Protein chains: 2
Amino acid sequence: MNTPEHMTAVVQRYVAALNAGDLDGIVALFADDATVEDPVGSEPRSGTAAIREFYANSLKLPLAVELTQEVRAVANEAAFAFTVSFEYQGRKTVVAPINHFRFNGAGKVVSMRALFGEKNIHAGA
Amino acid sequence: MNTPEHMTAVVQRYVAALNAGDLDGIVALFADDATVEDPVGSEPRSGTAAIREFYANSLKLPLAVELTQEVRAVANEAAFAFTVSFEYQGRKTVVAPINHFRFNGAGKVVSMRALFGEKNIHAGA
């Protein structure tokens, strides 16, 4: 069936799969056709194919991804605020996006939009 | 015309028109042809007429709405994380939704969705 409980489950694992570098795991909450539009607007990674590797291209640095708030889940949809912190060449950065998770009627996730902009990134000089 | 910088203002002015019960303000921020979905799951209201009367009923009990984090906007699209606090029969109650708006080239909120479930309503007894 599904359930907010399950969508607040799938969200916790998605962050954990990420927060570990775990790449197979990030691919398993999704369906085989689900879409990815990150950042929101750009051309969308479709099929498991461009997804894994999209998650690949970003996981190249130890990303610390914690949930900065309570997940909100209702009617196949799941929203959640969070952080993405990463270092490279002595500087500290922090992306603050909001994902919008559309789950299909099977239990898996079927579209991931993630909202952030130049404002929602906090890097030092 | 648009820009992420404009959306944070429309967010901020929604939050304001909520606290102070500024109805015109609220309805102003929207499209003359926009819809409301509070919560996601419910049937859509539409036409300024259908929106005002809705927002009319949300402001019977005073609303201490508060934004809990930086609002995130990219691609004519804006999401935020907030709480709508309010009291009835001495009970402190709070809502903790994540909303999503979507603008147009005109900068008028042409779609409001409110996302929160039972786990995201914080009142004791």
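Reading the values: the criteria
Residues numbered from 1 in each chain as written, not as in the entry; some residues may be left out. Chains lettered and ligands numbered in written order. Heavy atoms only, no water. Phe/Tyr/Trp six-rings, centres within 6.5 Å; stacked < 30°, edge-to-face > 60°. Helix = DSSP H or I, 4+ residues; strand = E, 2+ residues; numbered from the N terminus. Buried < 20%, exposed > 50% of the residue type's maximum accessible area, 1.4 Å probe, protein only. Least-squares fit on C-alpha atoms. Contact = heavy atoms within 4.5 Å. Buried area = accessible area lost by both parts, 1.4 Å probe. Salt bridge = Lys/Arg side-chain N within 4 Å of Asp/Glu carboxyl O. Polar contact = N/O pair within 3.5 Å; in protein donor to acceptor, adjacent residues only side chain to side chain.

By the method listed in its record, X-ray crystallography, this PDB entry was determined to a resolution of 1.9660 Å.

Could you give an account of the packing of aromatic side chains, with specific residues and numbers?
Throughout the structure, instances matching the rule amount to 18 aromatic pairs over all chains. Residues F30 of chain B and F101 of chain B carry aromatic rings whose centres are separated by 6.4 Å and whose planes lie at 75° to one another, so their mutual orientation is edge-to-face. Placement of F30 of chain B in strand β1 (residues 30-37) and of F101 of chain B in strand β7 (residues 98-102) is noted, with a sequence separation of 71 residues between them. This pair shows no difference in class: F30 of chain B is buried, exactly as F101 of chain B is. One aromatic cluster is present, built from ring pairs that chain together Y14, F30, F54, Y55, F80, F82, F101 and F103 of chain A.

Describe in detail unusual backbone geometry, supporting the description with residues and values.
Among all residues save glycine, negative phi is the norm, and among peptide bonds the norm is trans. Going from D38 of chain A to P39 of chain A, the amide bond is cis rather than trans, its omega being -5°. By the secondary structure assignment, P39 of chain A is in the loop between β1 (30-37) and β2 (45-46). In this structure, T3 of chain A is a non-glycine residue whose phi angle is positive, near 155°. In this structure, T3 of chain A sits in the segment before α1 (4-20). Owing to a relative accessible area of 31%, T3 of chain A belongs among the partly exposed residues under this scheme. Although it is not a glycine, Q89 of chain B sits at a positive phi angle of roughly 65°. Along the chain, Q89 of chain B turns up in the loop between β5 (77-88) and β6 (91-95). The exposure class assigned to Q89 of chain B is exposed, which follows from its relative accessible area of 69%.

Can you lay out the relation of the copies chain B and chain A for me, pointing to particular residues and giving the numbers?
Applying a rotation about an axis and a shift along it to one chain copy brings it onto the other copy. Of the two same-sequence chains, chain B is brought onto chain A (RMSD 0.6 Å, axial shift 0.1 Å) by a rotation of 179°. The relationship between the two copies is best expressed as a two-fold rotation axis. For chain B, the residue whose C-alpha comes nearest the rotation axis is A81 of chain B, separated from it by 3.6 Å. When you check the interface residues of chain B against chain A, 96% turn up at the interface there too, and the contact is symmetric in its surfaces.

Explain the interface of chain B and chain A to me, and be specific about the residues and the numbers.
Counting residues at the interface gives 26 residues for chain B, matched by 25 residues for chain A. The largest contributions to the chain B side of the interface with chain A come from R72, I98 and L115 of chain B, which together make up 32% of the buried area. Of the charged contacts in the structure, one is a salt bridge between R113 of chain A and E77 of chain B, with a shortest N-O distance of 2.8 Å. The interface formed by chain B and chain A holds nine residue pairs in polar contact in total.

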